[PDB]
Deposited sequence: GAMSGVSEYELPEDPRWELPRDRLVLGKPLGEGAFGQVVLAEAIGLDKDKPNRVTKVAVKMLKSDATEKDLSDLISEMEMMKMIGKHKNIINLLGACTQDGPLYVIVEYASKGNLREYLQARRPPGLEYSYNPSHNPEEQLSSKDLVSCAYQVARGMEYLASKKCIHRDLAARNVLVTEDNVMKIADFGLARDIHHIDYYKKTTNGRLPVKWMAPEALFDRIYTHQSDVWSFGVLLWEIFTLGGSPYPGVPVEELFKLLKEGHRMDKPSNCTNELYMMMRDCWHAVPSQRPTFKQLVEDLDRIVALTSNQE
């Protein structure tokens, strides 16, 4: 089996497995994560292999864990909290986000015709920019750790009980988030992540809209190649649309960095009305 790591190891009986969250991941309660508060129960997410899993499933699960150990903590990513590795099935314990992924979160907050609400309080203008800011801060951290996401999208951002945005699945139809060069040449970089972030911004200001509506996958390259970009969302400022457009620069060296996006978003947030 797999070697013990006491920095992360939690005894199996410290975990009370609860309800399934999605496929596999379960909600649970962890007893004594903090060695200094050993009688407190914390709600956590636990990832385990499905009953029909292959050896590449196991080894991928291990690599995810190992990778998350190296990346370190940041408030705007989903953080590693612990693991059960010895007494039986591998369990990887990470932070729980009670409000689900950002796509569902936004859709549930649509006003009740051309983008119906599939379920909450609408999000103010400032809240939407602030959501963008947080995602960018998380991506800025990951980039500073030399971590390339490769599948950044609103589905891969989760939202906590306190509405903190946390990048998900950074340790591993998705073609609609891929930079042209990722698609064509399978060249993945921080710069391709910035492309994906611009699609994510479009998602934010469409309140979970589907990118490139009606465009079949097999034509998307040619179109992008030809200068096709998505139209401004109806309720998006010209300035935030220019950001999206910059993220979608054809030349990857000409895209802004996440460092820059964070600074730009920090200022826009400060200037954006809470009243809207």
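Residues 1-9, 33-36, 126-127, 135-137, 191-207 of the deposited sequence have no C-alpha coordinates in the structure.
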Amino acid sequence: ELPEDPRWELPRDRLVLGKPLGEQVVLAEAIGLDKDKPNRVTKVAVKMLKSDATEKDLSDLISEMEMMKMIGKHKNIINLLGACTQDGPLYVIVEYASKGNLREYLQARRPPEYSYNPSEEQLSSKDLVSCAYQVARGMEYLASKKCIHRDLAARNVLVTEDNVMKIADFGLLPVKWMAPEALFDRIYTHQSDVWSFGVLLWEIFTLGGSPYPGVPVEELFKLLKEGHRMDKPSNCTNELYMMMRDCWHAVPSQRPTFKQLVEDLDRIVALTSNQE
From here on, numbers count along this sequence of modelled residues.
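Each form is matched to the other, and the largest set of C-alpha atoms that superpose within 1.5 Å is called the rigid core.
With 215-223 and 230-238 as candidates, the stretch whose CA atoms show the greater average offset from this form in 5 other deposited structures of this protein after a core fit is 215-223. Farther from the shown form on average, by C-alpha root mean square after a core fit in 5 other deposited structures of this protein, is 53-61, of the stretches 66-74 and 53-61. Residue-level annotation: residue 105 has coordinates in all of the other entries compared, counting only those that model residues on either side of it, so it never reaches the one-third mark. Not even a third of the other compared entries skip residue 264; each one keeps it along with the residues on either side. The mean C-alpha temperature factor is higher for 11-19 when 11-19 and 257-265 are set side by side. Stretches 99-107 and 192-200 differ in mean C-alpha B factor, with the higher average recorded for 99-107. For the set 160, 130, 76, 86, the PDB entry puts the maximum C-alpha B factor at 86. Set against one another, the Cα B-factors of 226, 239, 64, 246 in the record reach their highest point at 226. Residue 181: CA B factor in the middle third of modelled residues in this chain (values from the PDB entry). Sorting the modelled residues of the chain by their CA temperature factor places residue 71 in the middle third. In this PDB entry, residue 91 carries a Cα temperature factor that places it within the middle third of its chain's modelled residues. Per the PDB record, residue ranking by Cα B-factor puts residue 205 in the lowest third of the chain.
In the deposited entry, the Cα temperature factor of residue 168 sits in the bottom third of values across the chain's modelled residues.
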